[PDB]
Amino acid sequence: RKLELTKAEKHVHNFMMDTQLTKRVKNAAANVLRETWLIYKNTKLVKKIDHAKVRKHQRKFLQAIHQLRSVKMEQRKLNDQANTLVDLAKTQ
């Protein structure tokens, strides 16, 4: 098969994996204002539910949640997930 594969034929940004090139969103985050990932002390168990497997724990679990049933991603797919129409304008 003398075709396909080995994509890219221009080459660009072939850094060593990452040499301080891929920065944030302009370090505009700083401390996300809330700086919850900075103020936190002793503990830090505060995050948007749903992230890991999450199984038996305190209270048994059931199906019809977010397990199984996935033979085709099908329409409705996420990857970016973002929305801000009340920014750089309404600050208070």
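Residues numbered from 1 in each chain as written, not as in the entry; some residues may be left out. Heavy atoms only, no water.

- Structure determination for the deposited model, as stated in its record, used solution NMR.

1. Quick look at the overall build of the chain
- Helix and strand counts for the chain come out as 1 helix and 0 strands.
- Relative to its length of 92 residues, the chain is extended, with a C-alpha radius of gyration of 21 Å against a globular reference of 12 Å.
- Projected onto its principal axes, the C-alpha positions of the chain cover 55 × 40 × 30 Å.
- Within the chain, buried positions represent 1% of all 92 residues.
- A total accessible area of about 11,700 Å² is found for the chain, and carbon and sulfur atoms account for 53% of it.
- Across the chain, the mean location of the 22 positive side-chain charges is 8 Å away from that of the 8 negative side-chain charges. (Helix = DSSP H or I, 4+ residues; strand = E, 2+ residues; numbered from the N terminus. Rg over C-alpha atoms; globule rule 2.2 N^0.38 Å. Buried < 20%, exposed > 50% of the residue type's maximum accessible area, 1.4 Å probe, protein only. Areas by Shrake-Rupley, 256 points an atom, 1.4 Å probe, with all protein chains shown as cover. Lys, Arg positive; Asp, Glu negative; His and termini not counted. Charge placed at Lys NZ, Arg CZ, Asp CG, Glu CD.)

2. Considering the pattern of salt bridges
- Applying the stated criterion across every chain yields a total of 1 salt bridge.
- Its salt-bridge partner being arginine 1, residue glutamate 4 comes within 3.0 Å of it at the nearest N-O pair. (Salt bridge = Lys/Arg side-chain N within 4 Å of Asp/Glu carboxyl O.)

3. Some words on a nonpolar patch on the surface
- On the surface, a nonpolar cluster with roughly 400 Å² of combined accessible area is contributed by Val32, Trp37, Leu38 and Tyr40.
- On the secondary structure map, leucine 38 appears in helix 1 (residues 36-39).
- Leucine 38 gets classed as partly exposed once you look at its relative accessible area, which sits at 45%. (Patch = residues over 30% accessible without salt bridge, like charges linked within 9 Å, V, L, I, M, F, W, Y side chains within 5 Å.)

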